[PDB]
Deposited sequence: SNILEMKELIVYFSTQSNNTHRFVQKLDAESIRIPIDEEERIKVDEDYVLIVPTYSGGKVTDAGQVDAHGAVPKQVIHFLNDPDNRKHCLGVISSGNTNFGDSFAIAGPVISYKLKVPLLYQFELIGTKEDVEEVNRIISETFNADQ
């Protein structure tokens, strides 16, 4: 019943991180002509591109049926962006009124996988 909804561009950094996690995952389509419907609660995992939130994630969350099932957000990016590091998480947190659970870089480290696996378990029991 642990579920992840994620977005990842052609570079597939977020995709590859999510595949290292235990929880089942559903991918938001890159093609803006395509949409998904999610009928179960989920943790959202998205990268940052600063329009800090990818347009395809806005389209996903713009469906009230989809955004009602969000149990919080994890955001990725690169610390070299400074004040812009992983700000997709905060922006989504404020819009949905849901907790920012974690922040990570590129395809994630061994530590990130352990902490996110734990935080997803604790988020679905809380």
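* In sequence order, the deposited-sequence ranges that have no modelled C-alpha atom -> Coordinates drop out over 1 to 6, 57 to 69, 146 to 147.
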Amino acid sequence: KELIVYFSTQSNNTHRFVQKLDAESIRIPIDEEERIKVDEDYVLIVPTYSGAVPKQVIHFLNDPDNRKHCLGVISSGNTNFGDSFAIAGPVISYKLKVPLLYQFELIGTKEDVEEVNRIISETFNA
From here on, numbers count along this sequence of modelled residues.
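* Asked: Once you work out the mean C-alpha B-factor for both 115 to 123 and 3 to 11 from the entry, which is higher?
  -> According to the PDB entry, the answer is 115 to 123.
* Asked: Which is higher on average in the deposited entry, the C-alpha temperature factors of 90 to 98 or of 23 to 31?
  -> Result of the comparison: 90 to 98.
* For the listed 36, 58, 74, 71, which has the peak Cα B-factor recorded in the PDB entry? -> Top of the list by C-alpha B-factor: 71.
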